[PDB]
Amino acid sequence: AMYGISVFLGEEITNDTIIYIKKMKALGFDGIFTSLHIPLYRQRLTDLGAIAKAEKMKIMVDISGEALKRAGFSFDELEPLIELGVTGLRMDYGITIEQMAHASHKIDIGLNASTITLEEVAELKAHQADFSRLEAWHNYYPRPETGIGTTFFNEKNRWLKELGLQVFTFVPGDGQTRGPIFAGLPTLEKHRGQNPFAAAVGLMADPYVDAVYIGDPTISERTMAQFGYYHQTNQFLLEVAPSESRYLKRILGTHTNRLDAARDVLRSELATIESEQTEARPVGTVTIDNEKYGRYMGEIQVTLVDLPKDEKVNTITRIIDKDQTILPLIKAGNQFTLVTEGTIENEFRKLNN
């Protein structure tokens, strides 16, 4: 059950990057992925391993066979690399399946989820790989419209897991995005430009995914706060639009979704509510039942689908567009906290003083 981040060593490790790494660890991230092209970097890797060892974080290094040798390392003499703080290698160029099998008893081995064949997997068996140390990593997709689909992904992952492997996947970040396109580094195209927190949490719930990594350099403070809030409290933190409603304060705060969860709505399980505004209820609409609903007066709901106008249901505010992909994550019995737009960062700050 791993969350991870990416670090880009094509640039010098800034203080912002170190600050980031340390904060992500405190937010429940235990892993680092980094991809190296070396046409120096050896000292950069020595600096990063130091951060990771101290911070108790793993490092998977994606590197070509030649870039590894031209980094003064060799795949057959791994003690130095392990000494550095590297816990895994994903080789793509120039290493045999056989070398990889042998290396799996010493270090985690990254495979390419999309290209690994049943034959190569059978060869790793034949060479007595430690399959408990084999990680099948999906790729990420800088170019919009080129990420993989849910079906293929699900299909692939089931197969991978059936073969005994671990499944690792990326979500994009929304702080500092990687160039040259700056459109995020998702694995799944449906995550393109989406809330990374909602993307990560949803993927992690999938029974065939073992780990989720931020593909881009950083996530925004807002998104960090959502991870942090969920990690410390098990609550989903979402923002709502400003409203003039008299019932706004009743709906701000923590709610628990009923354990017998409705198809259409989230239902908050816990004087007179007068008729106020009773407008259409598009997805994300926060509502309170008024006095016309009799014994249901005061029930608080958030719509999961577009619902029509109802005279008996006051419409109070709406979940912020960006947080609406969190809504399907909120299952039977899950808690969620509604805060007013722009305050997610200070709301998470408050938790920690």
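Counting begins at 1, following the sequence as shown.
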{"query": "Deposited residues omitted from coordinates between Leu270 and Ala271, as a class", "finding": "10 or more"}
{"query": "Gap size, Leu40 back to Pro39 (deposited sequence, no coordinates)", "finding": "4 to 9"}
{"query": "Stretch with the higher entry mean CA B-factor, where the candidates are 259-267 and 200-208", "finding": "200-208"}
{"query": "Stretch exceeding the other in mean C-alpha B-factor - 152-160, 279-287", "finding": "152-160"}
{"query": "Maximum C-alpha temperature factor, selected from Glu244, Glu145, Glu120, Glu239", "finding": "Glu120"}
{"query": "Options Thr46, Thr317, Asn314, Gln301 - largest CA temperature factor per the record", "finding": "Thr46"}
{"query": "Ranked against its chain, the third holding the CA B-factor of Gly253", "finding": "lowest"}
{"query": "CA B-factor ranking of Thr340, expressed as a third of its chain", "finding": "lowest"}
{"query": "Within-chain third of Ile13 by Cα B-factor, per the entry", "finding": "highest"}
{"query": "Position of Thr96 among the chain's modelled residues by C-alpha B-factor, lowest, middle or highest third", "finding": "highest"}
{"query": "Assigned third (lowest, middle, highest) for the C-alpha B factor of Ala26", "finding": "middle"}
